[PDB]
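S.K.: Show me how the following folds:
(one chain, ligands or ions: 2)
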Amino acid sequence: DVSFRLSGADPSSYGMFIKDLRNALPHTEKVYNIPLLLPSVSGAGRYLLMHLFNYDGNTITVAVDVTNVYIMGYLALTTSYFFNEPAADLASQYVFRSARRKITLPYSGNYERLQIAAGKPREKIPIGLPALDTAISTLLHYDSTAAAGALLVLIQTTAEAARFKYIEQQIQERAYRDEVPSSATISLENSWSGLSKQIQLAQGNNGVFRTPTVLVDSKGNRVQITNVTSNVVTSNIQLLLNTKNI
Ligand SMILES: O=c1ccn([C@@H]2O[C@H](COP(=O)(O)OP(=O)(O)OP(=O)(O)O)[C@@H](O)[C@H]2O)c(=O)[nH]1
Ligand SMILES: *[C@@H]1O[C@H](CO)[C@@H](O)[C@H](O)[C@H]1NC(C)=O
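M.R.: Residues are numbered from 1 along each chain as shown. Ligands and ions are numbered 1, 2, ... in the order given. There you are, the coordinates:
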């Protein structure tokens with residue numbers, strides 16, 4: 001398990017949590033020195049539990065699929081909540097079984113469905129450590145519309161930050177003040193599968209992408225990533241989704 005406490009949180013303690021989260025994901029291989037997530041894991045070992053504590057010390061436990069860093073559901077007090085999708089239903093066979101009741105959320109976990117449920121695109125949802133504190137608090141008491149927004153915050157501040165160093169740094173910059181994600185942040189989130197695939201395809205291609213990946217950069221400029229010498233590959237991305245899952 002991995003843990004993060006919002007009480008006394010700062011950029012350093014958050015960095016330690018994101019390092020812990022990355023290190024809790026198993027891998028047997030690196031591709032261009034980036035951990036390659038496993039094709040599959042059988043049984044309960046598939047799921048990582050994140051213990052998150054809001055500023056007042058209340059806690060939820062979030063179940064993460066270690067193959068893809070996809071949040072499956074969470075436990076709040078004696079109630080478990082899972083996404084309305086088969087992967088989460090499968091996950092509910094292994095985690096939070098001791099919950100007094102289980103609620104299936106009225107949406108799947110993808111950004112599109114969450115944004116529809118939340119009533120807004122995550123372009124307009126501030127993120128940061130205060131937003132994460134709020135998200136935890138919201139998820140403690142069921143409200144599906146509110147939860148969708150909280151989950152968009154949670155996903156970005158945990159999984160996406162684990163996947164990209166740029167995004168952990170964005171959140172560290174928002175340690176004491178929320179701000180909507182940069183376009184670059186959104187671009188990276190949307191490109192994780194594509195980047196993961198092309199970095200793997202580059203292995204037998206002399207480091208060259210079979211298909212370029214278009215990203216937005218920190219200045220708001222749209223750029224093509226064509227090979228593994230790009231800073232996105234050498235510095236930013238920290239985890240690869242296995243092509244077997246793409
Ligand atoms: O479009 C998105 C948006 C978000 N996510 C990811 O969702 C994770 C938690 O949500 P899930 O992983 O459970 O939803 P899913 O994406 O498997 O849903 P389908 O599209 O497969 O129906 C988060 O870690 C985030 O990266 C997506 O996989 N796709
Ligand atoms: C590879 O990407 C680098 C960094 O963006 C770029 O300068 C160069 O033109 C590309 N080289 C090849 C061989 O594609």
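S.K.: Need the residues that contact stretch 159-179.
M.R.: With C-beta atoms under 8 Å, 6 or more residues apart in numbering as the test, stretch 159-179 has contacts from 9-11, 14-15, 18, 21-22, 25, 64, 69-71, 126-132, 156-157, 181-182, 184-185, 188-189, 192, 235-239. C-beta: built from backbone N, CA, C; applies to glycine.
S.K.: run the last query once more with 7 Å
M.R.: Residues outside stretch 159-179 that contact it (C-beta atoms under 7 Å, 6 or more residues apart in numbering) are 10-11, 14-15, 18, 21-22, 64, 69, 71, 126-131, 157, 181-182, 184-185, 188-189, 192, 235-239.
S.K.: Tell me which residue is most central in this structure.
M.R.: Residue closest to the mean C-alpha point of the chain, counted by C-alpha atoms, centre = their mean, is residue 159 at 1.8 Å.
S.K.: wait, is it part of a strand?
M.R.: No. Using DSSP: H, G, I helix; E, B strand; the rest coil, the secondary structure at residue 159 is helix, not a strand.
S.K.: Can you give me the separation between it and ligand 1?
M.R.: For residue 159, the distance to ligand 1 equals 4 Å [C-beta to the nearest ligand atom, to the nearest Å].
S.K.: contacting residues for residue 11?
M.R.: Contacts of residue 11 by C-beta under 7 Å, 6+ apart are 172, 175.
S.K.: how much space between it and residue 155?
M.R.: To residue 155, residue 11 is 20 Å away according to C-beta to C-beta, to the nearest Å.
S.K.: In stretch 77-88, which residues are buried?
M.R.: 79-83, 85, 87-88 (16 or more other C-beta atoms under 10 Å).
S.K.: Buried by neighbour count, from the contacts of stretch 159-179: which ones?
M.R.: Using 16+ other C-beta under 10 Å, the buried members of the contacts of stretch 159-179 are 11, 14-15, 18, 21-22, 64, 69, 71, 127-131, 157, 181-182, 184-185, 188-189, 192, 236-239.
S.K.: Many thanks, we can stop here.
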